[PDB]
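For reference, the structure is listed below as structure tokens.
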Amino acid sequence: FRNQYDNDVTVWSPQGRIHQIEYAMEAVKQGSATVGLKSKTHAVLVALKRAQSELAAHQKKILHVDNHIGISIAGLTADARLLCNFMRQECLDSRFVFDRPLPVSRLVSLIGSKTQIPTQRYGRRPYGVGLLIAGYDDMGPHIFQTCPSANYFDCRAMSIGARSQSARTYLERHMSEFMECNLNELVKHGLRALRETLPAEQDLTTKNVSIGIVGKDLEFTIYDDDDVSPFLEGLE
Amino acid sequence: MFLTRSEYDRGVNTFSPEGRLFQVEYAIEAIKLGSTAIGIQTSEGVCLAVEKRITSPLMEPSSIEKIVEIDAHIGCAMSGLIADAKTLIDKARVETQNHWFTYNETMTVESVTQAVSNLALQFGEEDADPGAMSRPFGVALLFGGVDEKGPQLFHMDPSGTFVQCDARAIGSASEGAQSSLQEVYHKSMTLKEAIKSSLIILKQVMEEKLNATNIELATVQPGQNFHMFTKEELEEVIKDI
Amino acid sequence: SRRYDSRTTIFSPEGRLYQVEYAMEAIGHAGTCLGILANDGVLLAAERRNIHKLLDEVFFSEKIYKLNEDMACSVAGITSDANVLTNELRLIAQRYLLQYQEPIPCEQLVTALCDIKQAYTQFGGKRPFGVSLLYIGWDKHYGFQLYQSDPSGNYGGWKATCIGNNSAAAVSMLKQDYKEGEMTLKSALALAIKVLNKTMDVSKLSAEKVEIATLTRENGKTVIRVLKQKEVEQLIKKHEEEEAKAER
Amino acid sequence: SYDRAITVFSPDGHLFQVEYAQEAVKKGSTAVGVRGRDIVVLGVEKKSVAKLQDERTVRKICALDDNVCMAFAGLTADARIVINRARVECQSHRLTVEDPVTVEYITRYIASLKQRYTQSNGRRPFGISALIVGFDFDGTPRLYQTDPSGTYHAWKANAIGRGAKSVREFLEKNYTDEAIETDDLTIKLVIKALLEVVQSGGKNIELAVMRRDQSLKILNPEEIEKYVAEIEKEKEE
Amino acid sequence: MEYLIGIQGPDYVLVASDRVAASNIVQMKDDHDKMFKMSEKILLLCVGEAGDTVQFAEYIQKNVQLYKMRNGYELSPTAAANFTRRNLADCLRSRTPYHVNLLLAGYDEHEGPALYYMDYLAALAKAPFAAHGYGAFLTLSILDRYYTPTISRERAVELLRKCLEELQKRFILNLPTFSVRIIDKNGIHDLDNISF
Amino acid sequence: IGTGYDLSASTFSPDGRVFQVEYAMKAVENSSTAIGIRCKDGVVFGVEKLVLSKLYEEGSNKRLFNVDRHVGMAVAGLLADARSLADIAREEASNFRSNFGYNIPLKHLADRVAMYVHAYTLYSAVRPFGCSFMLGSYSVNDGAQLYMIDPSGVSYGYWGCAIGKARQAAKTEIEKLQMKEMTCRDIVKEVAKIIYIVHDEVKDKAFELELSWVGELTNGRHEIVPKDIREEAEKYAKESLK
Amino acid sequence: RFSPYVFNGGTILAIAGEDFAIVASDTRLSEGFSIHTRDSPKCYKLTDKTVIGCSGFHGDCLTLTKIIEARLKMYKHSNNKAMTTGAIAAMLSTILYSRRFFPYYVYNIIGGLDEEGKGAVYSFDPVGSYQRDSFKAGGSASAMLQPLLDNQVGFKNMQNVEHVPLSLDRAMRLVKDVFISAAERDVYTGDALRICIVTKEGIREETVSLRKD
Amino acid sequence: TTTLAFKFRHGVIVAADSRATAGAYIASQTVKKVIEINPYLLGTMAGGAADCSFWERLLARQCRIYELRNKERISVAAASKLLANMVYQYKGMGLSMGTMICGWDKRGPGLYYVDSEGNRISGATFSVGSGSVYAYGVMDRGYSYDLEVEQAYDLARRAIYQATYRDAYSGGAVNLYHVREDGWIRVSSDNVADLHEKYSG
Amino acid sequence: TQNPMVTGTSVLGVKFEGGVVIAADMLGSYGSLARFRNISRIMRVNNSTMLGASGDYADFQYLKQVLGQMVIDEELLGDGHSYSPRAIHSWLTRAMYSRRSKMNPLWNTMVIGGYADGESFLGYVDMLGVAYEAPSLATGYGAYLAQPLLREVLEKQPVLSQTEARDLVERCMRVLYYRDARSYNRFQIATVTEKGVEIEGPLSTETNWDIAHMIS
Ligand SMILES: [K+]
């Protein structure tokens, strides 16, 4: 009858592909742009908060996960919150059992397994959300990207969401500088990458940008409308 | 294998090629069939208004409640399939009272909206327990109330996205009411002006003529609690239009 | 798997349950079973469809099932579902007896079995019980009773009804000929034989093709007795005489 | 256990299974309910007039409690199930809250049950619409209905089943402050509402009445005939 | 310890119960009613361990009322007694047993007057008269001495007052007032309390 | 060939082919090739791990897992399923050591994980794993072992194997080796040679060679190849590729 | 047989003020007629405006402290704000009653600033009942700390004395004095006294030494 | 611990002490033993303090849920039955809750006594606690349904004072409450040190 | 373990400048009987921490199995992060508390010693989950016999060298052998440094009996 390869997550296309995974990837691609970076001492997430209407406050996109780690969501927000709750629970469990912060890579591995589980069962659906995970642990600043395919990447900078390719191009051309940047110019690079996504008729304002930074001696802190101004001044 | 209809060729948790859950989009379409609701968050209160949509004169408007009380400091205006809104209202009330029981403090409006919104995509098939929901809630809710941060207004759709809105209109006439609220909203407008503006918009969008028995209006001020206006109290503002 | 699901417990676009309707067609093709409520008894008459002379018929009956001390039932439809339903009926009657130490009222047993059938047409995806039953009983509340049941879980108190092949014609004849509150056991038996004559048109109504059981009250004890071959033969012969006398 | 999603959202936001349950309701026998000053009246059409039937066993008006009673349109067996759960809930509420259930409470319970079947896995919606009538403890008469979708509203007078629209229009045109002045006027209003759709008068009407501090009373056929005769004289003039 | 008594006449069941609810050396209540009207013609006189009594009586009351509403006809006193016995016996070996001593008085159009006796083990016994508590020891001798199967209701009240006077004279506990109810073909009738 | 009988692993084609498993194999042959060669004193793995974007860190999306203190694992296909199977193999080895009190033989770990992946080739409620993987171990009392498990769940021992897009070319060039007589220090060099031969620089632009051996050189511990040895192997592979 | 609880000694004390809160505890950790460590402080920092003292079985003290920290993190994540002192007290009552039938053998005192900048001292029992107090002393030497605080801070049984408001300077001296007297008569208290002062700037922390044996 | 509650023409008076003991040690002299369940219904803390507090807080939660669902305020009988059922679910597990639930509902003033043992009895005069007997004494010698508000106040104060005087485990301040048709009011927090001077002349 | 079967006696531990040293004898006693005379009661959890356990040797073996497997999985991950001695102590405390709460205690009292990030760690944990850190730890009869000497040395001299700490441990174990009925002469000494964990044994402590002739 119908395309018979698209509805179920447990049905392989004759091309060796699962179309539900790709549709969840599209769900991520339809979300608003997020871009993250990392120096040798900091890992910054800056997100382009999108507004439903001119009278609606923009969606929160950076979410706290632990004392030392944070995420930037892009996709289905309910899936994002469920996965964020799982991350928070794992971090709290690690602090309870071992009295140490949970390493970022192991947390991302847990996320990968948890999101792979629905990839293989009937009735289940992939987590239609992509997460930019920036955290700081003993192994220096970390930034991670997780896809609905349950495949996660150890990045040096990444942008996911709508019109992400321009931000990725900017990040690629300016990768060589990020390591030696300080926090201010690192978040300036992030803001430039995020601006590369925006159309010609809009520019960054304190309303539609949020910044989350985690570093060597820095609590993970989400910077909001008023607090974004010191990072915003000096771009163009 | 015949007589099978394409109504159930897809699962509930299936994505469209554009990456949107089919059931969520269909629930959003169902929202556009509900009664129009309007909410405005001013600095001295939050007002919520909704048309009753009385089908026949034999139906008593007092029974058809489309605005409810989560607690003394939170309200909720509902549009869509009002039958599905009651589960979410009960969950919100339970969460508010649990928060008071555990912490001895009023639960933040944002926290209540978040707690209710987590239920939105908690639906599925055999993968879950027998008590699991089978379909998304066909209700959009306008949570409004006062808390430590001041007057707050929120909007939750079946997708589970909850967003803070200065002035939001939901229901059949969402687009026109939203354009009008764009035209009328100022960040420093008073609660009386908010109430009058909301009733004006409802009159503009309602098919029935605006009167004291075919709308419901409620306010949540930083002082007094959630308050439902009545006759002899809604005429006093309807007359001005 | 949704692909192979038959969707038994769903609604039709026009608002009807196809599975119940199909089971009802199956029952309508099944053996004729009619019951008549009399002033001093209630009887079940059932066409036997397996007439082949290599059958033994060891048991008490082939259509009439004794449900408790004070009640009996017949079946039109699928025999195996009939067996599971009659076992469940016996369990329900004995559960009331255990709980209250008194016989179960007939309508309560009918209601319990019909509730089970409703459960099978409400949830679970299982096909309904394609069995329509025909209950006869007695209790200290409403006296002699006759009850019909449907696969959908519907039931009705009837004073004369027929389920099975040629049920409509039998119902029409019963409506024409049943006398309200004035029908004795012998009158009801004669009417049953007459109705079965015009219902089993092809089979010519031998006494080997019908199973009749009467529920009467004797000395405060209910007696459910399957009519013997001799006396069913006598009933048939009397009806033949009456039919011949009609020509006079 | 069966866990398929029977009721799912269709395009344009319709729940087809609920609409089909409503269609099944539309094919049920007409049921009318009117709320008076000191009496509440329920009336049902009997298409099953067949004379070889025990009228007691096919009653479509059931007493949920001493002060609440209901009439239904749609599937009979689903109505039996809902009535049984409503009676159980009435008695449970009377144990736990010490007082008799208000009409709106059992109406909310029935509506919630129907809505839960609308949204839970592996069961179809109840194909019944109800008319829950009764008196509150404070002596205020009430009248509600519960559609298969689970929405419940309060009505001064309503009709469910076939000819609901016709009887609803008749009640709209004939429900005034004078038409419910006395008990007999309410009885005649309900009978007149049914006569707009029933094939023949009297023989196809089941009419139960509830008044203050008295249980439900099933009006016998003789009373229905005498009332219908009274409407006949009233219509002559 | 609480007190119950029942006297089955030819056409009635006279039941009386003390009204004292003490939870210490002090009596907290002096107008306690330990009779439960399960139906229009059934009374359940429940005594025993606190909490269990009210919960069990209300459970049986809910179920009897549900039977009435579900069927349209009341349970007979025999049927209600057997239902009560079945529930108590089922809970006997459960994790939450009910420690209650019961008297089930009732009238039926056919069976006539009925009086039933149930101990906390759920041992049912139809008796012409029965009693519970430590006052049963003092009063059952008088019941044996003076009861006859054809006792009138006025003579039954006199005999019951004799029993209560015996309690007042030779029983340590102070039970000043007793409720009195009679179940006749007309239903449950409240008689004047016997006080001292 | 299909369109009616390829909807579930719980369905047989008219000619007895489970098409879903074959589609999983189709998935695994569209991934970068991972090769493993067994020699006298261990097994050396090799992966042509493609770098999809240069924004990734060196070492992202590793395809050479470490499932127990003495067992390695090379993967091809979907990486999510590869990681899930790596965790399954880790859990199997952990349970074996907990119950029987010693290290799991690779001949048993391969069988256990192969049966686990076979359990997903039978039911309509699950889907076959889209990853074929290799396992390699060396113990003094059992020698060097190399096994492959594919989505069907078949386990065979190999003196050398390849999984991915360039399986055929990699096997053709591996056969030219005489691995039965060689040692790990040379097999790593040859594995780099094979990976660089089978790689195409025109379709997939860039890749980083990920190597790891387990053997007598490492006392049975499966370790990533030291950085200097990887540099020497890549130098030899580039010079040979001329 | 097996006894899950051992009394590990330790005394805690909290005094609330107009703009401060003092929480003090000994560092002695004991078991039977033995000393485990002389540097086990029993005052834990929850927020910048809350410090909790735990005395009793040390295992339950540690577990309860970690549960409280996890719950503050949960509340901050869910509601995007820190947990006020009264909310912490109510949550601790609920947590303690979560194990009513296997009670924590922990005596709890929560001292910190309320939302109006004043001191707040909340006392607890093992099963969870709490009330707001001007001052409370818990642990082994509670019976020896409490009467003197009643006489001085509460000014009870004292006539013709003006009820001077309590200051930080006098409260610290009184805490030090009551603990020096407690060590001289209670075998479980001593080896150090850690005082935590909850003030608008933050949590200060002193340590005064008192006798070892 | 002594608490009392009695109904009269102008509501129900609730009075309680403020002493909590752990053995012979006086843990606190300022225990608030009248649990303000909600502005229209009071509670009493007698027995295990944490038990009464927790279960009456759950009662408050359930009552507020009831008011939200049903749009009408819960009756004293319903709240008492809720508490009795909740506690009876834990029979024999060691709960030591004994409470007097007070309020004014559509059936006039309401007073119920609920304990962990399972009792639920209404009444016009109740007093639960260790010093409950000394409260019964003078409360019964002074009670009359036609009492004035001031006379009822003084009766409750004197009853709690005498209970404190005799019982060693009862003492502290005499908190007194008055439940009227529009809620309850805290009238006094008199200390027995001052009451001794008032009553000794 | 509601009742122990074969029990190990005191386990010692003292911090020093550059690591910690823990000593425990090689005996598993079945009550009074000295059944198993060469069992090792010191575990090398990883390169940075070690664990000496008194109490039931069966529960110690189970916990040794669990910890070893956990360290194996940690090494399998191969992501640089490794369990600190503090992390092992916290996990051990949580495990023992969870086991007491289920009324199935692990009848061990354990001494965790480690050296990570240039800091010496000495940790205590018992069957009831009581945990703390001290410069010197003694378990069982060592707390009454050996711990006084450790404290009287570390109070005067807060920091000890490796040789001083080793000598003090040897003296304390000599005292324990003198005055503990469940002691054994043979014992091991394990030290953590920057170099790792080294276990030396079977060591024997010299004893003096010259007061035998005095007693008459
Ligand atoms: K001391």
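Numbering of chain G is taken from Swiss-Prot, so the residues present carry the numbers 29-241, in order.
Even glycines carry a Cβ here, placed using N, Cα and C.
The O-linked glycosylation site annotation in Swiss-Prot covers G:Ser58 (among others). DSSP assigns G:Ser58 (O-linked glycosylation site) to a strand segment in the three-state reduction. Other C-beta atoms found within 10 angstroms of the C-beta of G:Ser58 (O-linked glycosylation site) number 23, with every protein chain shown included.
Take the CB of G:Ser209 (O-linked glycosylation site) and look out to 10 A: across all protein chains shown you find 16 other CB atoms. According to DSSP, G:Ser209 (O-linked glycosylation site) sits within a helical segment. For G:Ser209 (among others), the entry in Swiss-Prot reads O-linked glycosylation site.
As annotated by Swiss-Prot, phosphoserine applies to G:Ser62 (among others). On its own chain, G:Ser62 (phosphoserine) has no residue at least 6 apart in sequence with a Cβ closer than 8 Å to its own Cβ.
Counted within 10 Å of its Cβ, the other Cβ atoms near G:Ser68 (phosphoserine) come to 24, all protein chains included. Taken from Swiss-Prot, the feature phosphoserine applies to G:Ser68 (among others).
A 10 Å cutoff on Cβ-Cβ distances gives G:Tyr150 (phosphotyrosine) a total of 26 other Cβ atoms nearby, all chains included. The phosphotyrosine annotation in Swiss-Prot covers G:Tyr150 and is backed by similarity to another entry.
Under DSSP, G:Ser162 (phosphoserine) is assigned to coil, being neither helix nor strand in the three-state scheme. Cβ environment of G:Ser162 (phosphoserine): G:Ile43, G:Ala44, G:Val149, G:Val181, G:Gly182 lie under 8 Å away, each six or more residues apart in the same chain. Annotation source Swiss-Prot lists phosphoserine at G:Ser162 (among others), citing a large-scale study or a structure entry.
If you look up Swiss-Prot, you'll see G:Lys204 marked as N6-acetyllysine, on the strength of a large-scale study or a structure entry. With a cut-off of 8 Å between CB atoms and residues at least 6 apart in sequence, the same chain places G:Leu221, G:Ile223, G:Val236 near G:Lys204 (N6-acetyllysine), listed in sequence order.
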Between G:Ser68 (phosphoserine) and G:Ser58 (O-linked glycosylation site), find the distance joining the two CA atoms and give it rounded to the nearest Å.
10
Among the recorded positions G:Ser58, G:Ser62, G:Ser162, G:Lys204, G:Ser209, state which ones have a Cβ less than 8 Å from a Cβ of chain B, giving them in sequence order; state 'none' otherwise.
none
May I ask you to report the DSSP-based helix, strand or coil state of G:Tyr150 (phosphotyrosine)?
strand
Going through the recorded positions G:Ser58, G:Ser62, G:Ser68, G:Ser162 in order, which have a C-beta under 8 angstroms from some C-beta of chain I?
G:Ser62, G:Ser68
Pairwise Cα distance for G:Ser58 (O-linked glycosylation site)/G:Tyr150 (phosphotyrosine) [Å, integer]:
26
Using DSSP and three states only, what is G:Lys204 (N6-acetyllysine)?
helix
Could you state the whole-number distance in Å separating the C-alpha atoms of G:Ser209 (O-linked glycosylation site) and G:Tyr150 (phosphotyrosine)?
24
